[PDB]
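Structural description and commentary
Spelled out from the first residue to the last, the chains are:
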2 protein chains.
Amino acid sequence: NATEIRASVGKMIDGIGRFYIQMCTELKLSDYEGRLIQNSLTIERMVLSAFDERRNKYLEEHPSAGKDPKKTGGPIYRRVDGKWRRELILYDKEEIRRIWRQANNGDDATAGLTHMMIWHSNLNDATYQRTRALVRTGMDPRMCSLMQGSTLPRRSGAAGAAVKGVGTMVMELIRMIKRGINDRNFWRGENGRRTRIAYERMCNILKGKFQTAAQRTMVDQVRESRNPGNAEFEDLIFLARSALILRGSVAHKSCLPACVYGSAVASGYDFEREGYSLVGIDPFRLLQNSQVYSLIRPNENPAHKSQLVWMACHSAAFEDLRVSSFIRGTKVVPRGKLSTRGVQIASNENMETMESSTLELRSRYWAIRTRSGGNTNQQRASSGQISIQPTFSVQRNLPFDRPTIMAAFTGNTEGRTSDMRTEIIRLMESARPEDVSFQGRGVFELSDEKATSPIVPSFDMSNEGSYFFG
Amino acid sequence: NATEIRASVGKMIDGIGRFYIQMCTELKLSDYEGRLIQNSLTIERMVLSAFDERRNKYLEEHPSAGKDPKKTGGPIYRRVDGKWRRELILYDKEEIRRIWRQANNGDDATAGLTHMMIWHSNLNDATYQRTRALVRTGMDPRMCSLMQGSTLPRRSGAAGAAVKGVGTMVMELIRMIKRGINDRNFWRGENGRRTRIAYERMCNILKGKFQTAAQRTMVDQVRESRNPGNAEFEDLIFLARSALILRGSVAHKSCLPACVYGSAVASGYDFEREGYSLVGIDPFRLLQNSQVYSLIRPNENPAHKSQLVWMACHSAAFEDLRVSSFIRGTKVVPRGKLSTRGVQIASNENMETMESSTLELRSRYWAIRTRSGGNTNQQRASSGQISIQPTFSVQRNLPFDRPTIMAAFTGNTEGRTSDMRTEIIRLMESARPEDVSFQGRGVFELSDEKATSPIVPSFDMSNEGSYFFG
C-alpha cells in the first residue's frame, strides 16, 4: 500500500512547515525575510546542531572554542529600508528542541531530520565537490560523480542510508582502514566489536546498492578479511572505478528548502489530505508557484544562481546538462564558466555589497526520478526465465539452464578479487558510450497528473558537454 | 593397452573398405575401374561434402551456384574399349549417408572421416604448396615446410588436430587476427565467446605440439593479450621462424587410398582379427601386393607419377630426398624437374589424351614414423635428474639443482616476448646443420616383423639437395 507512506511523509512535511512558521513568528521577520535561503540555512543548521546528540555529548565534556556551552552560530540577515544587516544571535538547544517537540505532535521527527541532512548533502554536492579528501586518500579526483551525500554523518538512518553514495562509502571505509593501519584498533575490546559491526553493516548497504552479480560477490568476498591490510584498499578503489560504469542506484531524494514548505503550509495546503510524494510530480508542483529571495554579490550573476539553486533543490548537480536543460527549458552553464560562488556567504565579507533578488525555479517539464540504473547493464546481461514449473502432469524433461545455475551459486568459489577484476574489465570493454538507457520512459508535461503520455528527448547538439565538472 | 586401439582402427578401416566395395557394386564399374585413383578421389570428396554439416547448413539457406540443392560434382571415368569417357553424375547426400550408416554397423564413423580429410591433406601437400596465402598474410614462402595439413578444415577432431601443423595454425591465427583488426568482433556477444574459446584451444594445441620450454612459455604469454593487435602478429611469425629449427612433432599419419583398402577387404583380409596399425609395418605390408591404376597425360612421366603418389600416400613430401630414396630404393626427383602436374585432372581438358597405367608402390625397405623431433634439441638441452628421493633414513643433505628449478618455474616472470627471442636466437646460433638425429633407431628390412635388427643409412653423395622445393 502507498497511502500510508504518503500520509506519513505529508504529516512530517506539515510538521516541518509549521515549525518554519513558528520560527517566522518568533524571529519577528518580515514577509520578504522568510523568503530568504540564508535564514533558512542558518536555522536549519542550528536544528542539525541541536538534534545531533553525538557531537553535543562530545561537546559538554569539551568546553572549548570560547563561547560554546550550548549556543552556536546564528547569522540572521534583516533588511533595513533597502540595505541589509547581519546579526550573530545565539539560541539555546533545549528551547528549540521543545519547539520541535510540539511542532510534530510530540514526536522526535527523525525522518524530518534526515530530510534536512539530505538537503544539506545536495547543497554541498551542488556547490563544492571534495576532491581534497579524494587526493588525501590517494583517490583520483576524476570520479567526483561518486560523491553523493559526502557531507552526511553516519547518524542518518536507513532513509539517510539510501542517499549516501558508493564513492562516499569507499571514502569512509578507507578512513577506517587507514585508522586501523595506524594503530591496532582491531583488538578484542568493545571498540573492535563496534567497528566490525559498522563495517559489515556498511558492506551490506554497499551490496544492496550495486546491481550486477559479479561486483556483489566480489564485495561479499571483501569482508572475508578479518584483518584488513592494504589489498582491500586497491580493491575498493577498483570497486569505485568499476562502479563508474556499473553505477549503483543509490538515491536522488528531491528535498526542498524550508521556506517553500513553510509558504505552502501557511497558505492552508494541508499535505495529509491530498497526499505528498517526494519522487513524483508533487515536489515539482509546489515550485512553479513558489517565490524565493536570496542575497547576491555585485559580481555574481543571478541567472546562474537560480539555475544552481534549482540544481541543489533537485539534486541534479551530477545529472547530464542536456536533459537538465531540457527539463528546465533553458541552457545550463557548467561549473567551468559559472560567474558565481557558493550560496553560503562568508562571515567576514562586508555588509554593503549584498543585494537581494528573486530566484527563478519554474521549469517547463517534469519527470519521475527512479532509483535505478542505465539499461546498458541489462543489455550486457539479458533477462528471461532460468527454471520451469510443471503445470500439466506429463512425462517430460524439466529444462534447467545449468551453466547459469552454477554462475548464480559460484560452485567453484572465487579465489581472490583478481579473477573478478578480469571479467569486470571484460564487461567494461563490452560497454559502449552510445547505449541508450531508460527504455519505455519519457518526460511528461506539467498539465499531466497521472503520467499518461510522455515525449522522448532527442539531443543532436554536437558535443556541448555532458560533464558539469571540467 | 594397445590391443583395443588396434581393434578399433582395424574395425573402422574394415568399414571404409566395405563401403568402397559397396560403391564398386553400385557404380557398376569394372575390375580396372575400381583400381583408379581418380574415381576414389571423386567419391571420397563427395563423402566429405555429404558429411560436412557446417557447409551443408550454410548451403540450404544459400541456394546459389545454379544446380546445387544437395548434389555436387561427380566426374566418374569409365574405360570404353581402350578409350576413356568422363560423366558428370550427381548423387544425393542422404542415400550415401545411409550407405555409410550400414557401412559401419550403425556408427557415424567420424574417425574414418578424419582419415579421409587427412589423406586429402597429404595429397594437397604433396601436389601444391600454398605460397599464395603465405604471401597474402605477408608471410615468407621460404617456410612452406610448415604447411602440414593446410587444407584441413577446423571440423577435424583431436585425431585431426594431431596432423595439422604449426605453420598452418600460425596462418589460421593470422586470419582471425586480421578479421578482428578489420572489425570489432571482440565485443561481449556470443561470437566473441566462441572466438576466444577457439583461440585458447588452438593455442593449447600449439603448446602441446612444441618441445622446448622457452617457446612453450612464450606461447603461454601470447594469449595473455585480451585484445590482440599487431605485436602478436610478428610474435607468431617469429614463432614459425624459430620452429623452423625447433620443429614441433605434429603428426605424419600414413593414410592410404580407398582402392587399396577396398581390395584388401574384398580379398578377405579382415583387419580386426590380425590387427591393424597406421604407424608400423602394417600400412606398408598392404602396398607391395597392391595394384593401382591412374590416368596420365601424354607428356607426363608415369615414373614421376608413381613416386609422387607414393609420397602422397606416405606423406613424405616434406621428408628429405636422400632417406626417402633409400627407403624407396630409387632416386626421387625434386619438384624442380618433375615433368608431371597435379594428380587431380582439370574439368576442361580433352578426353582423347588420357591414358591409363599401373602405379609402382613397392619399396625395398620400411621404417617406423614416430611423432618426435630431432635429437639436436636434446643435444642443446641435455637430460638427467633434477631432484632426489631419500631411500635410506640417513642424516644427509637433499641435493636440489636450484638454478634449473627457477628456470622451470620462471620465478621472475618474463616481461615480454623479446627476452624470449633473445635466448631462442641464442639456441638457434647453438644449432648446427651437422647434428645427427634419431639415435638408436634405423631402417629395417621387409622380412622383419618385430623390428629386430635395423641398418643405419650413410649418405655421402655430396650435395644432391635435401630440399624437395627449390
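Residues numbered from 1 in each chain as written, not as in the entry; some residues may be left out. Chains lettered and ligands numbered in written order. Part of a larger assembly, values for the part shown. Heavy atoms only, no water.

**Topic: the overall build of chain A**
Counting its secondary structure elements, chain A contains 19 helices and six strands. For 470 residues, the compact-globule formula gives about 23 Å, and the C-alpha radius of gyration of chain A, at 25 Å, lands near that figure. The dimensions of chain A, computed from C-alpha atoms along their principal axes, are 85 × 60 × 50 Å. In chain A, which comprises 470 residues, the proportion classed as buried is 43%. In chain A, of all internal contacts separated by at least 6 residues, the share reaching a separation of at least 24 is 74%. About 27,600 Å² of surface is accessible on chain A, with carbon and sulfur atoms providing 52% of the total. Charge-centre separation for chain A: the mean point of 68 positive side chains lies 3 Å from the mean point of 52 negative side chains. (Helix = DSSP H or I, 4+ residues; strand = E, 2+ residues; numbered from the N terminus. Rg over C-alpha atoms; globule rule 2.2 N^0.38 Å. Buried < 20%, exposed > 50% of the residue type's maximum accessible area, 1.4 Å probe, protein only. Contact = heavy atoms within 4.5 Å. Areas by Shrake-Rupley, 256 points an atom, 1.4 Å probe, with all protein chains shown as cover. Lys, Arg positive; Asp, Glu negative; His and termini not counted. Charge placed at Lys NZ, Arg CZ, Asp CG, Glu CD.)

**Some points on helix α8 (residues 166-182) of chain B**
Helical geometry note: an α-helix holds 3.6 residues per turn, so side chains three or four residues apart project in the same direction. Residue and element names in this part refer to chain B. Over its 17 residues, α8 extends 24 Å from the first C-alpha to the last, a length consistent with the 24 Å expected when each residue adds 1.5 Å. Counting buried positions along α8 gives 12 out of 17 residues, so the element sits mostly inside the fold. In this structure, the buried residues of α8 make contact with α6 (131-136), α9 (190-209) and α11 (231-243). (Expected span 1.5 Å × (residues − 1).)

**Thoughts on unusual backbone geometry**
Residue and element names in this part refer to chain A. The phi dihedral of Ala65 is positive, around 60 degrees, even though this residue is not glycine. Tracing the chain through its elements places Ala65 in the loop between α3 (53-60) and β1 (75-80). On the accessibility criterion, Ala65 (70% relative accessible area) is exposed.

**Details of the packing of aromatic side chains**
How two aromatic rings sit relative to each other is set out by the distance from centre to centre and by the angle between their planes. Residues and elements named next belong to chain A. This structure, assessed with the given rule, holds 20 aromatic pairs over all chains. When the ring of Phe326 is compared with that of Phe459, the centres are 5.9 Å apart and the planes differ by 80 degrees; the resulting orientation is edge-to-face. Of this pair, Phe326 sits in helix α16 (residues 321-328) while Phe459 sits in the segment after β6 (444-445); the two residues are 133 residues apart in sequence, bridging distant segments of the chain. By relative accessible area, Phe326 is classed as partly exposed at 26%. You can call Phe459 partly exposed: its relative accessible area is 35%. (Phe/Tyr/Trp six-rings, centres within 6.5 Å; stacked < 30°, edge-to-face > 60°.)

**Focus: the pattern of salt bridges**
Tallied over the full model, the rule gives 34 salt bridges over all chains. For the salt bridge of A:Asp52 with A:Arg155, the shortest nitrogen-to-oxygen distance reads 2.3 Å. Of this pair, A:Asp52 sits in the loop between α2 (37-51) and α3 while A:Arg155 sits in the loop between α6 (131-136) and α7 (158-163); the two residues are 103 residues apart in sequence, bridging distant segments of the chain. The class for A:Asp52 is buried, based on a relative accessible area of 6%. In this structure, the salt-bridge partner of B:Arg55 is B:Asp52, at a minimum N-O distance of 3.8 Å. Exposure remark for B:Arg55: the relative accessible area of 57% places this residue in the exposed category. Through salt bridges with shared partners, one network takes in A:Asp52, A:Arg55 and A:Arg155. (Salt bridge = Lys/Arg side-chain N within 4 Å of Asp/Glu carboxyl O.)

**What to know about the side chain of A:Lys164**
All names here are of chain A. Mapped onto the fold, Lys164 is located in the loop between α7 and α8 (166-182). As a buried residue without a salt bridge, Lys164 has its nearest oppositely charged side chain in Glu172, at a separation of 9.0 Å. Within the structure, the side chain of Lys164 is placed 2.5 Å from the side chain of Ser156, a separation counted as a polar contact. Polar side-chain contacts of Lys164 include one of 2.8 Å to the backbone oxygen of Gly160. In contact with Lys164, other than residues within four places in its own chain, are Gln148, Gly149, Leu152, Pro153, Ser156, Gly157, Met169, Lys209 and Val250. (Polar contact = N/O pair within 3.5 Å; in protein donor to acceptor, adjacent residues only side chain to side chain.)

**Some points on the interface of chain B and chain A**
On the side of chain A, 11 residues touch chain B, which itself brings five residues to the contact. Roughly 720 Å² of surface becomes buried between chain B and chain A when both sides are summed, with 40% attributable to carbon and sulfur atoms. The three residues of chain B that bury the most area against chain A are B:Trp187, B:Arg188 and B:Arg226, which together make up 82% of that side's buried surface. Run the count over chain B and chain A and you get zero salt bridges. Our enumeration of links across chain B and chain A arrives at five residue pairs in polar contact. Classifying every residue of the side of chain B that touches chain A gives one nonpolar, one polar and three charged. (Buried area = accessible area lost by both parts, 1.4 Å probe. Nonpolar A, V, L, I, M, F, W, Y, C, P; charged D, E, K, R; others polar.)

**A short note on a positive patch on the surface**
A contiguous patch of positive charge, built from A:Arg426, B:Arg193, B:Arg196 and B:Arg226, is present on the exposed surface. By relative accessible area, B:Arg193 is classed as partly exposed at 36%. (Patch = residues over 30% accessible without salt bridge, like charges linked within 9 Å, V, L, I, M, F, W, Y side chains within 5 Å.)

**Examining helix α11 (residues 231-243) of chain A**
All names here are of chain A. For α11, built from 13 residues, the straight-helix expectation of 18 Å at 1.5 Å per residue is met to within 8% by its first-to-last C-alpha distance of 18 Å. Across the 13 residues of α11, 10 count as buried, placing the element largely inside the fold. Inspection of α11 places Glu232, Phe233, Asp235, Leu236, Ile237, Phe238, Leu239, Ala240, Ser242 and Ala243 among the buried residues, and these make up the whole buried set.

**Overview of the packing of helix α1 (residues 3-26) of chain A against helix α12 (residues 258-266) of chain A**
All names here are of chain A. At their nearest, the axes of α1 and α12 sit 8 Å apart, and the two run at 90 degrees to each other. In this view, α1 runs roughly perpendicular relative to α12, as classed from their interaxial angle. The residues of α12 that touch α1, namely those facing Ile13, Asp14, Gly17, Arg18, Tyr20 and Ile21, are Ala258, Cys259, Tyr261, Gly262, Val265 and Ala266. Grouping the amino acids of the contact of α1 with α12 by side-chain chemistry returns eight nonpolar, two polar and two charged. (Axes fitted to C-alpha atoms, helices over the stretch in contact; angles between N-to-C directions. Parallel < 35°, antiparallel > 145°, perpendicular 65-115°, else oblique.)

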